[PDB]
Ligand SMILES: C[C@H](CCCC(C)(C)O)[C@H]1CC[C@H]2[C@@H]3CC=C4C[C@@H](O)CC[C@]4(C)[C@H]3CC[C@]12C
């Protein structure tokens, strides 16, 4: 029915909101992610497959970014992309520790499979949608239209992943119950943070491109967070 | 004649590389599944049957999918971009890993999980109305030939088939993509 249009309309309005002012959104997300992580710090045979898995990972990244690159977009975008997923992942675990969870598994080994599951397409799709939007009469309304045009595919893909992982949880085995939970939460976090952060940084990059500086703060914050994540991973699975 | 030789030997080298990748992969996964009982020497077990079978089956699968597509009809057009292929490989290892590092109360859970999983995979990385057919055919075949080479109730009868099928899909994908290369 007309639902999709309504979605787009309000979603498009949210775009007009997302870029009306970028900073508050950032500070908000940074504060929330940190306050979700807070608890995490205060509370040969077995090798080769793990390392090669990490290899597969790195190369997957390099590929989906080489393919991701588009005109008037800096390399650091992929860095932000990395940061996104990483931060989202963290928001999951530290939040799971809030309600009561038995951390039986090692995050160090799993993190790759998570990454692979939530993936990186759900941001390149929209970057392609928006950059295709002309480069004339708007810098903000540009992303507005670019976003309004992919809402339906976004939500459909999300609903499919939900169905998948719900089916997963419905397998009475515990390890996979736990994993499914981690993934669903990382998924919702990807949704929210992707919007709130990636939309705004794309807006400001397109502004600094057309008019011609948030990628610096995004990059630095994300590098600190990535160091913290490497640390949190290296000490639990060794 | 040199130009025709260029095409033929491009096909050749493609199958060769696929062969070597399949060797590597079987090696690794076998190393994985045996972690329950000279590290280089410890890895090099089962020196006779597996490296040839897995490698050659992989290479033939790869060579085969594109050529039947071409000599039948339209090629593929989907997420089949390098990225999705790497994704497939990683998921393949993950699923082969679940086979060993976990214990279930029964067999039905195992088999059903694995079937539904390979199903989801397929729908995710190739929605061909055809791929299913050849995947299941080769699964059938490898399963029965293994069942015969043992004339000379456990995982022996459960994960072999689904993993054969998944490996087939993955290899065929890699082949069609390396063909779309050229
Ligand atoms: C890659 C797939 C899901 C993605 C495939 C699909 C079709 C749903 O997209 C996931 C599903 C189940 C996951 C395993 C669950 C439990 C474990 C145990 C843990 O110790 C090691 C990782 C592992 C084997 C998970 C790997 C990723 C798996 C296969």
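Shown for chain B, in order and in Swiss-Prot numbering: 18-54, 61-175, 185-214.
We read in the header that electron microscopy, 3.7 Å was used to get this structure.
Just so you know, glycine gets a Cβ as well, placed from its N, Cα and C.
Annotation comment: Swiss-Prot describes B:151 as phosphoserine, evidence class experimental evidence. Non-local neighbourhood of residue B:151 (phosphoserine): B:99, each in the same chain, at least six residues away, with C-beta under 8 Å from its C-beta.
Cβ neighbour count for residue B:115 (site 'Required for the recognition of 25-hydroxycholesterol'): 20 (other Cβ atoms within 10 Å of its Cβ, all protein chains included). In the three-state DSSP classification, residue B:115 (site 'Required for the recognition of 25-hydroxycholesterol') falls within a helix. According to Swiss-Prot, the site 'Required for the recognition of 25-hydroxycholesterol' annotation covers B:115, on the basis of experimental evidence.
In terms of DSSP secondary structure, the topological domain 'Cytoplasmic' (B:149-153) contains 0 helix, 0 strand, 5 coil. Residues or ranges marked as topological domain 'Cytoplasmic' in Swiss-Prot (evidence: a curator's inference): B:149-153.
Per Swiss-Prot, the feature transmembrane segment maps to B:29-51 (among others); the stated evidence is similarity to another entry.
Marked as transmembrane segment by Swiss-Prot on the basis of similarity to another entry: B:71-88 (among others).
Per Swiss-Prot, transmembrane segment is recorded for B:104-126 (among others), and the stated evidence type is similarity to another entry. The list of residues near the transmembrane segment (B:104-126) in space but at least 6 beyond its ends in sequence, with Cβ under 8 angstroms from a Cβ of it, reads 45-46, 49-50, 52-53, 137, 140-141, 144, 148, 187, 191, 195, 198-199, 201-202, 205-206, 209.
If you look at the transmembrane segment (B:130-148), the same-chain residues 6 or more away from its ends with a CB under 8 A from one of its CBs are 101-103, 107-108, 110-111, 114, 118, 122, 154-155, 158, 185, 187, 190-191, 194-195, 197-198, 201, 205. Look at Swiss-Prot and you will find B:130-148 (among others) tagged as transmembrane segment.
According to Swiss-Prot, the transmembrane segment annotation covers B:154-175 (among others), on the basis of similarity to another entry. For the transmembrane segment (B:154-175), the residues of the chain that approach it from at least six positions outside its boundaries are 72, 76, 80, 84, 87-88, 145, 192-194, 196-198, 200-201, 204, judged by C-beta separation under 8 angstroms.
As annotated by Swiss-Prot, transmembrane segment applies to B:190-207 (among others).
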Here 6 residues go unmodelled from residue B:54 to residue B:61, and the two Cα atoms are separated by a whole-number distance in Å of 15
With the cut-off at Cβ under 8 Å and a gap of six or more residues from its ends, the chain residues touching the topological domain 'Cytoplasmic' (B:149-153) are 92, 99, 101, 103, 201, 205
Between the Cα of residue B:175 and the Cα of residue B:185, on either side of 9 unmodelled residues, the distance in whole Å is 18
